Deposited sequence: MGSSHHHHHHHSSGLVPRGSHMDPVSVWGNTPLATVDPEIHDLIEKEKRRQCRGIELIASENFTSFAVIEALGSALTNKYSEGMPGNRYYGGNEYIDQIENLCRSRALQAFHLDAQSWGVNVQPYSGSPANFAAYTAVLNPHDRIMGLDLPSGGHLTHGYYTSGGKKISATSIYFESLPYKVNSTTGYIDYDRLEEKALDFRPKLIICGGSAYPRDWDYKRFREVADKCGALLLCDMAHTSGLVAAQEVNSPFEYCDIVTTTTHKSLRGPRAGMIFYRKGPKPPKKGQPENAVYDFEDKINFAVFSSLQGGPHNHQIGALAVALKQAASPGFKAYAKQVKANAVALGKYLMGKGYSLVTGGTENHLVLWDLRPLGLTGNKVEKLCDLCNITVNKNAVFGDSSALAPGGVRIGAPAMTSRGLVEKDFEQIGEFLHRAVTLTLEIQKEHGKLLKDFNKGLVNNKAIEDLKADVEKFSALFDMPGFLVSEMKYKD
């Protein structure tokens, strides 16, 4: 005979898996007692987490957009329809002009389903810092012909002229805008002009700034791109989920009353990528986050994110640090550590030992040997930190890098040699204690408060 159902299936994690329960609890405290500046990270709501960790995880569905609303799909169909319309609402889209598929598992498979839908294998692709196909060679560089466009070597802004030169020569079927680690806004108009001239589709991956986009705090790629993709856990502050927006209806002139043919191509491609159906709990959670993202409180959050990023950059620069483009217009700063005589690996490893989490990051000129760190505001803004709080974060960064330099001097620049300085280091423990003392002062979303 079987075990009783409750013994395995209705008992708490603390009873079933004490080891995992303990590590989750330890990671819970670590998120609270530290400064999370990873740009793609956020802290989502308890309400999202409840939809995420619910019986929606048990519901299979075909993987095409639900249209039945009856039978066994009565409820996921309304959930998904609420997700779609909240999606269109949060990004201020006309549903007669824009459709949204909310079935992809994540952003990356959402992108690759989008590419699969509108392109053939080996069709030529351009995106920011998109490898030709160690760093990251995605499916997009392997199965398509990728050529990157690049930021201006000196100013850090996208060379929109070299991009047009590149597009007219290379002739991509598709141009991808919306790379990561870019601290300025995108001239989507120029991207449309450029795509029109070379006959390319224009896709935006707004994964990073989807929250800022939703709050109308940055340029909207929907105004000029044919397709928009995103993940939903970054600045949007939702689950780790994916969505694909595509144009619907009449095309702008070019042509005898022709209409966008995106919907069916995209639906089939996501459907075909969904062995076993979607993560319907992710769709349920996403709908929650989209409703939240349409609130006044979120518009203000997004404003504060930008303002925190700006204040952090101004602090860092006043101490003499090099920020790519010399500032930011979105949620992140890109910090060129090479002028200091530092690599991102050292700064990220020393920060990490002090309960500051940042991402080492390639900066204009690198060759896995990154000379920068990427620094995001959304996570700590969601804990309610304001500009003065991000100035103190800047000081912590100052101390961290000051400490990295001091360790590097006494122990050497080679990474393994530098490593001996992180062992039993008083200044590391002191800085970490200050970070934990500081971080504990702020609230934390994601769990129940009476």
Unmodelled ranges, which are counted on the deposited sequence from position 1 and given in order | 1-20, 154-164, 286-288, 402-403, 487-492
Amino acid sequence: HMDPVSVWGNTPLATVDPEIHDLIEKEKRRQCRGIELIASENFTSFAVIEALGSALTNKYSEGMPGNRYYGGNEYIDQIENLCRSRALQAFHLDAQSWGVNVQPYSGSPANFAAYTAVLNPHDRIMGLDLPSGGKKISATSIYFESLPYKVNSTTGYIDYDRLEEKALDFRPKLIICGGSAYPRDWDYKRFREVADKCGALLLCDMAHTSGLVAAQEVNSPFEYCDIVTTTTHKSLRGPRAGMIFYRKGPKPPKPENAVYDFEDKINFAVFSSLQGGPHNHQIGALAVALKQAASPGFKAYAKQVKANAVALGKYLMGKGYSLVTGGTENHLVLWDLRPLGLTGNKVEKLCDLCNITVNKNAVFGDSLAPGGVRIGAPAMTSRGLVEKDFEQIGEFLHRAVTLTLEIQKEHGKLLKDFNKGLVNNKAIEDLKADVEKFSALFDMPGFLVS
From here on, numbers count along this sequence of modelled residues.
Mean C-alpha temperature factor, higher of 285-293 and 158-166 = 158-166
Segment of higher mean CA temperature factor, 134-142 or 322-330 | 134-142
Considering only 237, 240, 306, 248, which residue's Cα atom bears the greatest B-factor as recorded?
-> 248
When the CA B-factors of 51, 414, 35, 38 are compared as recorded in the entry, which is the largest?
-> 414
Assigned third (lowest, middle, highest) for the C-alpha B factor of residue 396 = middle
By its CA B factor, does residue 124 count among the lowest, middle or highest third of the modelled residues in the chain?
-> middle
Check where residue 85 lands among this chain's C-alpha B-factors and tell me if it's the lowest, middle or highest third.
-> middle
State the tercile, meaning the lowest, middle or highest third, of residue 180 with respect to the CA B-factors recorded for its chain.
-> highest
CA B-factor ranking of residue 232, expressed as a third of its chain | lowest
